[PDB]
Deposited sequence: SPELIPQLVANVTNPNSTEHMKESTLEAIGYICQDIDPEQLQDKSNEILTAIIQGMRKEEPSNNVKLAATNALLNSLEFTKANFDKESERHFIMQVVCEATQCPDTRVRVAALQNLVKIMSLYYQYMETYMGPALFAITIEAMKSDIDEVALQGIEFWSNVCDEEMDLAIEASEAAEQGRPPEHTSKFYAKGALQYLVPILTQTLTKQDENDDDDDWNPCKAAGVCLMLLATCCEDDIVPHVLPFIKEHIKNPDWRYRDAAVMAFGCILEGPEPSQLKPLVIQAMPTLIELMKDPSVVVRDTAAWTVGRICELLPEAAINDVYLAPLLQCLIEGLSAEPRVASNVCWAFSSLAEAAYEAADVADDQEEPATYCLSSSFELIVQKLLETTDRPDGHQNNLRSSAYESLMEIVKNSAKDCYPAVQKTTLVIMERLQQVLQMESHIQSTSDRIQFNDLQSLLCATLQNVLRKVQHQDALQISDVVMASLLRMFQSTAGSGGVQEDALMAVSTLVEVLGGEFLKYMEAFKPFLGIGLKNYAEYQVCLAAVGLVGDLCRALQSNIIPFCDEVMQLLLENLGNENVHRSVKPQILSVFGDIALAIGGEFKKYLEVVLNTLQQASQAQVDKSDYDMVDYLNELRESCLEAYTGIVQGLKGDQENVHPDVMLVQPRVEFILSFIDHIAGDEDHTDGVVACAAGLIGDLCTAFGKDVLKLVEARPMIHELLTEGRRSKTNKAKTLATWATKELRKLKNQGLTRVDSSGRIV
């Protein structure tokens, strides 16, 4: 900064500067610290702090100048690292901040505590046990204040202390395992303040905003998060401090205390040893079932969340031959409650399904369990979740997404005596495939997983009926609604799943789908959709095999036009080349129609080169080369066939063998080749051996680097290169030893 920063600093340090001059400049200084990177500001940090501390000092009469300077400190902490390093400069900064927290003005008071929070978040290691009680006294008093903006800073401070000390606990745990001293050692401030922290936080849980709002962030919510972070930070230590509050207020006539009891209990469910928490959950269960039917909307919401958190963190307790029946019964009714409650109920069911599935007995010769502890309730709970789906208020609290997520999870994690209900409800879900698609992000992957799951375990004719529904929904989708880029991609990946499971039986749907597959391959602008469409063709090649023949003319046309287009993202090219191999492998001799142009494309793509410097392009070249090798492999094998002798059709690839082996030889000579490329090269060499015979051996032996590439492959770490390089060596050895008479 040529002259600017010094000008600002001088206008604060100057004793003749007016109240306006100092105050306006510190705000200007403050915003500058929010702008530039430490590149310029770390030289000036010595001078910027001089002006900042000058404005915060006890001796400054104006509170406006104090606030401006205290706010400026907050923004400058990103590069006070070198100043915090020396203890005397640290002693001065800390004293100024601590004295600023005692200022009669509230605006300064809050900003001074904001500093303690951020300093704690950044420089934990530089805080000595010396500062321990000093910081404890200021932040605890901040917590006990009637002003909410003051209370929030006191709570956030310890939440940040917990975050830092949890990472240090992790740091110490791995250091012990490895037999090392931890790089940094925890000072356990949270453990030492826990006695005093919990009574305050439990009491702050009683100050809920009766006029409820999710956007608003207040001391009551912060307290809940704080107790939760204290539970994971201090583990079993927290239990004796929170439990007497819970037990005393769980049946308080005042809803605010009753709500605090269920919250506090829910907050301590992770951290302490599950062996302590399980009997406590069992003890609290009857009361928990009562609190589900609480008159107060607030208590129910917290009760559902507590139950929903029990099911996730402590599954063995949620399943109980004693309380399961009344638990499931009240969760059913909870789906008819407000979205605040019903969403957590959905979450509870999903965890219960996983819990009941994991626990279920599976014969050690069988795939799935015959029965599980949700079988009696299965049909009822899966029906009420679908009705929860039809709720016109499903948008709020994300009820609709929670209901579908449950429905899927329940259907996935199910016993055999639930299969009729599984099949019925999964038909309904697939009927609404469009709005499930157009609906967080894992929901689509979980939908593909469940569809994959159901199709495999249900009776074959029932899987065909589900497949009929899925395709009926997708074909209606494409033909009705416009077609969003993210939506189409998810729709294609959905098709991929069905194809991979159905195999050759997908041929039913091939007619009605081919236009929409074509739209995907024609989508140059949104290449992610394109890549998915390219991927699907390969899946179709493995599924339909030679039955894809009457669909190849068009597909091949689209794939070749895609390659000829100069504006298609580079990711698409190698995938199309790979899929040429899948086509040739599927259609066999029928490929002769496309052969010339494909071989000419592969030849051009193989000779493509990028410069050594570009780290990204070198990774791309190998991805392109891998696809080139794969393509040839699919072509050589495809025209060869699976018979006794080689089909004469491969002799059309014979003129290309010289180029192919030169391409492999050039790959071998390149030190920067990948294990995937080496594997694909070794694979191709073996293929050439089986197709063309002893001549290949001679041409391989004349290119000595190929011998080295094979040696490298058999010794490689990966399973792919190991297997294929051994196979090519074996195939080359067969050609070496053929026509040799054996003797005893």
Deposited residues absent from the coordinates (by C-alpha): 440 to 451, 757 to 762
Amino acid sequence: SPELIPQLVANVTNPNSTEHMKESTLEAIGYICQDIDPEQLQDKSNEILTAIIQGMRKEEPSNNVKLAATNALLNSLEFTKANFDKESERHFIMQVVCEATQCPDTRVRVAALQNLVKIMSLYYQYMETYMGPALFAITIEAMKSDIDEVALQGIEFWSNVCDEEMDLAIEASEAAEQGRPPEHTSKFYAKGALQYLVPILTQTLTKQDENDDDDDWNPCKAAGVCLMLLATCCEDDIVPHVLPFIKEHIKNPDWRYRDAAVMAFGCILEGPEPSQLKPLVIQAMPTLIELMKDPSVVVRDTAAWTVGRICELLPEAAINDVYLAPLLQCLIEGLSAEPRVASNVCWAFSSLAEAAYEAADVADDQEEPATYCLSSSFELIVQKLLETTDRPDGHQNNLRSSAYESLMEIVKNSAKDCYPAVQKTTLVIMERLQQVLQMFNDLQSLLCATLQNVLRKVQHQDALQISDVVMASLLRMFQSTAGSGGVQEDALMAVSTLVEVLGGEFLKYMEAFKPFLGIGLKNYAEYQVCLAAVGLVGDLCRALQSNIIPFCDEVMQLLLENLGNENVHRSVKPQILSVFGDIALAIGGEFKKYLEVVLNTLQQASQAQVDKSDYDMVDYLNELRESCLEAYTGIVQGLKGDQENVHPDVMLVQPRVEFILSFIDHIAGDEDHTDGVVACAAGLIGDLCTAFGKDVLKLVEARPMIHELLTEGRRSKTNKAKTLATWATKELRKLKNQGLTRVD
From here on, numbers count along this sequence of modelled residues.
Mean C-alpha B-factor comparison - 133 to 141 and 534 to 542, higher one: 133 to 141
Between 68 to 76 and 633 to 641 (mean CA B-factor, as deposited), the higher: 68 to 76
Residue, from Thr232, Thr306, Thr426, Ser445, that the PDB entry assigns the highest Cα B-factor: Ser445
Selection by C-alpha B-factor (highest) of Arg432, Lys81, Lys278, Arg456: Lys81
Ranked C-alpha temperature factor of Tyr126 among modelled chain residues, by third: highest
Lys58 by Cα B-factor - lowest, middle or highest third of the modelled chain: highest
Where the record places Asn565 (Cα B-factor, split into thirds across the chain): lowest
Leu735 by Cα B-factor - lowest, middle or highest third of the modelled chain: middle
Third of the chain's Cα B-factor distribution that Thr723 belongs to, per the entry: middle
